[PDB]
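For reference, the structure discussed in these notes is given below.
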Protein chains: 6
Amino acid sequence: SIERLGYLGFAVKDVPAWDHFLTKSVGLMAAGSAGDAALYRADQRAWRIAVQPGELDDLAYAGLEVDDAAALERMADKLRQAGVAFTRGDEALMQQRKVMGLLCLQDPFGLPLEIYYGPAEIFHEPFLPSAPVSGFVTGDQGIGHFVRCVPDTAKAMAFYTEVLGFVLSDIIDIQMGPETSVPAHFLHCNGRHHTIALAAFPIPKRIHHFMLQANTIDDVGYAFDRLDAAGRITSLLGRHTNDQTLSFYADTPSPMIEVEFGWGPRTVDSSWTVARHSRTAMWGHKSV
Amino acid sequence: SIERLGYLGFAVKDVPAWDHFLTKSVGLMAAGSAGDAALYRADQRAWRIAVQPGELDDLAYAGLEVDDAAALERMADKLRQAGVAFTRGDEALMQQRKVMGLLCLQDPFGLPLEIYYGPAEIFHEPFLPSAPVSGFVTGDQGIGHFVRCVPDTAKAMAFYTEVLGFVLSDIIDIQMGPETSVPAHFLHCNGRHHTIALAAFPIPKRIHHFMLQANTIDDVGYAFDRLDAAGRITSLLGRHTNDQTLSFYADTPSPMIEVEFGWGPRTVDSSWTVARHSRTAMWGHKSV
Amino acid sequence: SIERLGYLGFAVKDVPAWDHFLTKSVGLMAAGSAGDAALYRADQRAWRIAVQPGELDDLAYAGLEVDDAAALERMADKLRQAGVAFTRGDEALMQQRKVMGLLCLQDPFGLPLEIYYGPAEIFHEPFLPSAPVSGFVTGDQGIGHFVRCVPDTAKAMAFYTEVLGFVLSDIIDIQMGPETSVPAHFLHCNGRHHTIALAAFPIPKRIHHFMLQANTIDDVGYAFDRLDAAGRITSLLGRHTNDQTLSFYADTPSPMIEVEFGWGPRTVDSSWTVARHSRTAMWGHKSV
Amino acid sequence: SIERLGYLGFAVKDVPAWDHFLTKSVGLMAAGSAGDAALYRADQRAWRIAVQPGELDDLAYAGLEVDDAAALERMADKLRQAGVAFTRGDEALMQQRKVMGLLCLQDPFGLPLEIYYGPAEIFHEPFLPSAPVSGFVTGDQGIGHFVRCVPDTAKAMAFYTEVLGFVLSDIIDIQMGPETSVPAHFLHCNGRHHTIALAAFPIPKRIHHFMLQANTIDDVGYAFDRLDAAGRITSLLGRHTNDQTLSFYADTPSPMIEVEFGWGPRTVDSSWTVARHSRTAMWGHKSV
Amino acid sequence: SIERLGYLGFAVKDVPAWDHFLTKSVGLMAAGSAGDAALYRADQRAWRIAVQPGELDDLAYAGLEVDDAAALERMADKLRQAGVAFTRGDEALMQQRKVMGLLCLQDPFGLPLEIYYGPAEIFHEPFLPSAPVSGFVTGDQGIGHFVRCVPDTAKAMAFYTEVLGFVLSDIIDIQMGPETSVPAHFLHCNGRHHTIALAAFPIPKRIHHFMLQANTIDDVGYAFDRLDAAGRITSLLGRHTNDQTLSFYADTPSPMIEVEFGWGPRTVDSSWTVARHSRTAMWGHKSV
Amino acid sequence: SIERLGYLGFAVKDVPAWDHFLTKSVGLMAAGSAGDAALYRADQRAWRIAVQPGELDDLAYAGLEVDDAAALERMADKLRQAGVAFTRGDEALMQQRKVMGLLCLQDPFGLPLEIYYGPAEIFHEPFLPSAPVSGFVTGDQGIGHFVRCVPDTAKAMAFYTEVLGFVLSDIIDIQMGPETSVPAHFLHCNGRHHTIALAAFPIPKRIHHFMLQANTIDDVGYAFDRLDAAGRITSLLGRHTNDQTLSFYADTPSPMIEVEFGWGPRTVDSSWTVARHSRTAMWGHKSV
Ligand SMILES: Oc1cccc(-c2ccccc2)c1O
Ligand SMILES: Oc1cccc(-c2ccccc2)c1O
Ligand SMILES: Oc1cccc(-c2ccccc2)c1O
Ligand SMILES: Oc1cccc(-c2ccccc2)c1O
Ligand SMILES: Oc1cccc(-c2ccccc2)c1O
Ligand SMILES: Oc1cccc(-c2ccccc2)c1O
Ligand SMILES: [Fe+2]
Ligand SMILES: [Fe+2]
Ligand SMILES: [Fe+2]
Ligand SMILES: [Fe+2]
Ligand SMILES: [Fe+2]
Ligand SMILES: [Fe+2]
């Protein structure tokens, strides 16, 4: 099974706006480039987010990490047994992503996924944020989460759980209109309450948002003010019902894709109990 | 196996007396209604205790929780293999109990049991006690315990352990008369020393009492005074020999059914050793 | 100023009943005799309570401790300056009380007080309780407290505070009848919330009770059952409003003198704020 | 496998001397009798050591505890499979030992062993030591250890490990004469570094000693002085090389059987590494 | 699988220089001799490093520890199944190495390995360093690590992982020349991040260095000055990218073999993720 | 007032025996010489104990430390005001003792005292014990204590308290014969329960013993065995009634002067209460 979400690549219409957004607003460290992709760091990894030019204005790929070469081969076996098509990343791709091995596939609705092992770390170039942020919570919990839009949640659930080994944490009926809600399914693959959530939202993007977790409440408060100065805030500060992350949401430069910046959630383990919630926020998160 | 006791439903002759008892005396939060049942909360769950009108003046059903849908299906398999009749709760029942799935059955002596997963939580409506109580100990240990009256303890033991997966903690020979005792069997299914105890008592009720565990010793002391003002106390403060819960007992409005309100027990795990005790109280619990 | 209450001597009509009471019920260690006084230990001190025959059936003297010889001389100076009569204990008295020096005086209403330093300790004869009690809280807080009955609380307050150096913690209006209360004044001289309380009670004794503090809640619970078996309980378990001691009261063999046996209070310091309370118990302590 | 050593029974020529020894010297609580056996407590168990009259002046039986009835049946299966004779204790024996079930057998060299479950606990009669000892370390580690004398250590090892499930901790070559040593094998069955040790000593007793572990270093120091006053000391204070228990040894009233009274060892788990030691004491334990 | 590295034996041209180096510079305790080998201690073990005369000026053997006799037999089975030649150490060898059993074999490139159990400990002769060092970190992590030079890292990896049970922690591309690096593979067999590393270095020695871990940063700082006074320093203080050990390197008296003396690394477990690093030092370690 | 005891100088008939005793038995570090005095270290100070040849076979001087130059001048003022003769140590003496300033005087019975400030520390030559001892407890508590023999304890008390600023901790009536005891007075000048004790013993030495405090109980146990091998033990292990130091006593090479080697006492402060004890040992310390 997948151990954690390790990296995200975006294909965007405004690379300079994304550069400013990720550095001056979010606080990530600029880390050069690989091919036509600008790279950004959040920790010791050589990169965590890549931004390349493209008309998609969307998530172009997600990197799903396993712990060693044998684990990668076991994932290849799982894909074969499930009848899921995949190819082995060639040397050029391995060098581009800075990994020792990877499998390239797509989820049932077209999102490219890369299962990899052996990422590059550069502790001799210690992390230096571009904006005041004390650090990010990554480690065994990976880079953060994203909310994946899908046309058929049952079909998506079968793939992410049965093939990739994610596990359902809980469900929230997210209120859309007066008498309409969407049942969002929150999945874990480590202690992070959710790494991927699935929801049948009526938006034209592969994801609704990606989320980064900062070390302190002040990191979140300060980031809110930076994103507010940029005119990007989409939610007030709030705390989620299911994972108790205290966060806010803001627009990225790609229309309809947001970022969530948060702190302080609960973590999970083998004893997590599936439950259902009728709201996304225990408090706050008013849309603005 | 069952993971924890999640909810209790009572059918009672005096619904207003039970309402006052559960709120002003015990401290639970009134939480509206579902059908003809008044609902009461002790924590983040949408409800923990339900009270409906009925001549039984007794426990009408107990909700036994599992962690996910697959676990529920495994319980259905266990029931099938054991030859225990059950039905799947329909949509109306699921909506009434606020659960994602449930199996309806009875124990060997007629107590309706509901095995369920995916209960509703409402963190956006934070718990507010109706009387001064700092909170209840629930979580992975479930709502509390009850002592089930049975005509044949061996038969009841076989069902609760072999079919439902409870595990014997210990036995107390409860003194009844001069030369008479009843061997009460205390069973766990999580860290709570007992979730269900079985005893062959000569009372005309399905249960002897249900128990709630408060967060502090003062919660217990204050509750004693409230129940004393109500004229309901049946035991002085005391501490049990087996789980070291410090509690008192009081009458509910249903004759012969008591409530226990306690604090501070030991918890159990895979290393618990079966032992036998000759008294229910290490100290206190004098009957009044 | 007085540093702590160190010892108590009783003159009683039934020495054997007091012996049984202090050992088998309370748990103190029998420690031989000095003259016609039977001695009892609670800790490393050679003795803490003395019981001698006498018709008083009351507290015969209280030992008030200071830390060294110079402190004793300063107390002699305070007594002289205040015009309070005193004598210096002679060699025989010093040997009887096992102290290096002492001043003998009375409070304004006739209770003999002994101010002393240099008590005997016998760590080579480690404490061994006579009943199941894990130990007592003594140390810098002294042996416990007593509630002193006085005809004029203002006069008593002036003596205990201005002459002896006690400090007011708080006041409780203790309900006596329908429209009658007595303002009990609780005084400290160390971290123990009260060492002496003063009250104008209509009883024919020098004290209402003396109190010992045990190390654990179970010590208190077990002691309650022992005193109940002896037919001596006068209050149910409860917790005080002012010091948050969790205790019960019981009769000693001397009519109208009780003992309090408790656990777990708050302690005080230079920042304690005088406040007023309308009840002695936050919960419990129902009289029986 | 055996979970812990639970009880010991001795058959002795001088029952009064053993009574005084176990109470006034060691500190155990006298706990009545069962049949012709005097009982002694160290904790919440109804009894831990039994003393009956007999010419053996030796260990008459050892009680080996398992956690439940099913575990006892699994032990019966192991005995059957190994060809080890055993009988099931009858009702009279169960009542005598205060257990819910037991198997009676002998080790290869004649020591009666009793494998049992469901011992009696009496928390309503809290432990009260007969001499100043703060308490004993028992719990999941059982009552202590004994060193079993055997004529063939390999044969004894095969039985205790393969049949009963004990596990070798380490070996000490115990110096006997100038060029002679005995390889003592120390076995665990829980966190206690050793519960049984095997050694081919030239003594005419079934055991060399039994050992009790007290809670504090002072407990050990005080006990040394009591046993010295009794003229029973056989070793000065010392600390063992293998388990780092700080203890002393003394004679029991049965010739050639000693007691060890100790504190503060290391505990073990699945990661313990077998090692060999050339001395029993890292320091101390000089024979006197 | 191998549990830890337990001992190292060197065959050297200058035994007195090695003696001075290990004692006065490194701080090990001289511990007599066994045959023609001088022995040195770092802890409770009778010996950890042996130095014998020989023209090799290299590591002569490495002792790989398992926890018990059965584990040794399982290793013999693994060797047999893998077609790896081995012999059982005879009594003379067992006595020389002070072990209860051992298997003698070589790795694929000629380094003698000894798999053993039951080493001698001498707690009655407590460790006394020869130079100011507070102690070494050994225990379950073994004596330290060594970096093994091999002509074919893949072949060496297959042996150390598949046969001996070591597990890959991570890889560092160690820069050699302008456009040349060697991929060093770091292997664990316990919590120590690496016990053996494999690298295809162009040196004529079996190992590049061995490493000892001291308890404090000051131990490392003081040792640096001692080795500097001896003219042996080869690296400044630094900290590694992969295990975060803070250390320095120095020459041993055998040309081309160094010692590493360090403190304060991260430890590993089943959750360690394979990663790749482009530098050996996060900071420092400049070669001098 | 004096802040702590900093150093001791002995004048002895057998300098080599004292050298072996202090290093191989006690564990102190040899630290060269100053004039005709051999120096020994216990910590970062350039020296703590000096040994010079002399027929006295006794303590030749004691160094009493203050914190700065102004404090030394205040001590000179106290001496002047008390009429106590003193001289200022000259440059040669300052260089010999490695201090920035000192006053030379004697106590009322002839013991030379040196009050000093600004001692030399040599952290670049870290402490290295000569025998297995983990370290000594010194710091603000100074080097240890000594018991000073005096012909008139009242006179000695007046000097040590009124002139030097020591403070009485407690008194022990030390049993000498059948109906004879000596009241030993234990004095502190920092958190060490006693730095100097005064007693009217009938011995022909200035002191009865000096004491060093080691960091661990094992340090004490191991030291006992070393001193026993040397034939010097004078007491078994024991623990004191007043300071709860766990120690043993042994003979130094100077007849009638002993050393005490201990661990783990209580410390004192402004709240210490004077008490009296009838024994020196709570347990142990049997004379041998
Ligand atoms: O991390 C999260 C936890 C709970 C809910 C959301 C969410 C809210 C609105 C739309 C989509 C998801 C979320 O992001
Ligand atoms: O929680 C508990 C623990 C031990 C005994 C009882 C009990 C006492 C009297 C009657 C029935 C049960 C209990 O409720
Ligand atoms: O310790 C105490 C704290 C508060 C009240 C009392 C008290 C109650 C009734 C009568 C007298 C005193 C007391 O004893
Ligand atoms: O607990 C123990 C640990 C180590 C050795 C012994 C021992 C010593 C002498 C004779 C027999 C055993 C022991 O009792
Ligand atoms: O412990 C270690 C951790 C990381 C790298 C090295 C290393 C550096 C240079 C040459 C060989 C190995 C090392 O020793
Ligand atoms: O540190 C100490 C504490 C208490 C007593 C002594 C003592 C015992 C015998 C003779 C002199 C002193 C001592 O040294
Ligand atoms: Fe989110
Ligand atoms: Fe109950
Ligand atoms: Fe009171
Ligand atoms: Fe033993
Ligand atoms: Fe290294
Ligand atoms: Fe001393």
Side-chain angles (χ1 to χ4, degrees), chain C residues 5-42 45-65 85-99 102-116 119-120 130 142-151 156 159-160 164 195-199 201-212 227 230 232 234 249-261:
Chain C
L5 174 67
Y7 62 75
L8 300 168
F10 292 92
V12 310
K13 289 180 182 174
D14 194 339
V15 172
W18 266 85
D19 177 74
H20 181 87
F21 166 73
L22 291 177
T23 55
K24 298 293 193 179
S25 289
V26 175
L28 302 188
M29 175 191 191
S33 61
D36 67 349
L39 304 181
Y40 303 86
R41 288 176 59 198
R45 288 285 168 81
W47 68 287
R48 288 293 195 170
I49 303 196
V51 179
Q52 74 182 295
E55 294 300 296
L56 279 169
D57 249 347
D58 208 334
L59 183 67
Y61 52 87
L64 305 180
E65 189 175 300
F86 69 96
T87 61
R88 283 183 185 273
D90 61 22
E91 183 65 23
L93 189 58
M94 287 179 282
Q95 317 197 161
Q96 168 76 20
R97 299 290 196 256
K98 312 187 190 290
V99 300
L102 76 168
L103 309 177
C104 299
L105 65 148
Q106 298 177 176
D107 84 0
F109 303 106
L111 172 63
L113 299 175
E114 291 173 356
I115 304 174
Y116 71 95
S130 301
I143 188 55
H145 72 249
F146 64 91
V147 177
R148 175 75 173 117
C149 301
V150 297
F159 173 87
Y160 281 96
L164 297 182
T195 286
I196 294 176
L198 304 168
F201 289 146
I203 60 167
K205 313 306 290 183
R206 292 170 171 173
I207 66 168
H208 176 277
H209 66 272
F210 70 106
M211 183 266 179
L212 299 169
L227 279 158
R232 297 189 175 282
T234 53
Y249 295 81
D251 280 321
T252 71
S254 295
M256 293 175 277
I257 293 179
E258 293 170 80
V259 65
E260 183 178 14
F261 192 110

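Heavy-atom basis, side chains included; hydrogens, waters and symmetry copies ignored. So that the names make sense, note that chain A is the first sequence line, chain B the second, and so on, each numbered from 1.
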Would the distance check show the side chain of [X] and the main-chain N or O of [Y] forming a donor-acceptor pair, the cut-off being under 3.5 Å?
X      : Y      : value
C:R41  : C:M29  : no
C:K205 : C:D57  : yes
C:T234 : C:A250 : yes
C:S130 : C:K24  : no

**Request:** Please tell me if the side chains of C:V259 and C:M211 come closer than 4.5 Å, counting only heavy atoms from C-beta onward.
**Result:** no

**Prompt:** Is C:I115 close to C:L105 at the side-chain level, that is, under 4.5 Å between some pair of heavy atoms?
**Reply:**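 Of all side-chain heavy-atom pairs linking C:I115 with C:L105, at least one is under 4.5 Å.
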
Testing the basics here: between [X] and [Y], what is the closest heavy-atom pair and its distance to 0.1 Å?
X      : Y      : answer
C:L5   : C:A62  : CD1-CB, 4.2 Å
C:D58  : C:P204 : OD2-O, 4.4 Å
C:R206 : C:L111 : CD-CD1, 4.2 Å
C:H208 : C:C149 : N-SG, 3.8 Å
C:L164 : C:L113 : CD1-CD1, 4.0 Å
C:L93  : C:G89  : CD2-CA, 4.0 Å

Which side-chain N or O atoms in residues 45-53 of chain C pair as donor and acceptor under 3.5 Å with protein atoms at least two apart or in another chain?
from: C:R45; atom 1: NE; to: C:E121; atom 2: OE2; distance (Å): 2.9
from: C:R45; atom 1: NH1; to: C:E65; atom 2: OE1; distance (Å): 2.8
from: C:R45; atom 1: NH2; to: C:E65; atom 2: OE2; distance (Å): 3.4
from: C:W47; atom 1: NE1; to: C:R97; atom 2: O; distance (Å): 2.9
from: C:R48; atom 1: NE; to: C:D43; atom 2: OD1; distance (Å): 3.1
from: C:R48; atom 1: NE; to: C:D43; atom 2: OD2; distance (Å): 3.3
from: C:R48; atom 1: NH1; to: C:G6; atom 2: O; distance (Å): 2.9
from: C:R48; atom 1: NH2; to: C:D43; atom 2: OD2; distance (Å): 2.8

Taking atom [atom1] of [X] and atom [atom2] of [Y], what is their separation to the nearest 0.5 Å?
X      : Y      : atom1 : atom2 : answer
C:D90  : C:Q95  : CG    : CD    : 9.0 Å
C:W18  : C:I257 : CH2   : CD1   : 6.5 Å
C:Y61  : C:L8   : OH    : CG    : 9.0 Å
C:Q106 : C:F159 : CD    : CZ    : 9.5 Å
C:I207 : C:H145 : CD1   : NE2   : 10.0 Å
C:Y160 : C:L64  : OH    : CG    : 7.5 Å

**Request:** Walk me through it: do C:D251 and C:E258 pass the test side-chain contact (heavy atoms from CB on, under 4.5 Å)?
**Result:** CA-CA 4 Å; C:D251 280 321; C:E258 293 170 80; 3.7 Å; yes

**Request:** Run the numbers on C:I196 and C:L198 for side-chain contact (heavy atoms from CB on, under 4.5 Å), then give the verdict.
**Result:** CA-CA 7 Å; C:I196 294 176; C:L198 304 168; 4.1 Å; yes

**Asked** ring-ring contact (aromatic ring centres under 6.0 Å, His included) with C:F210: which of C:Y249, C:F261, C:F10, C:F146?
**Response** C:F10

**Asked** Can you list the steps and then say if C:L212 with C:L28 is a side-chain contact (heavy atoms from CB on, under 4.5 Å)?
**Response** CA-CA 10 Å; C:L212 299 169; C:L28 302 188; 4.2 Å; yes

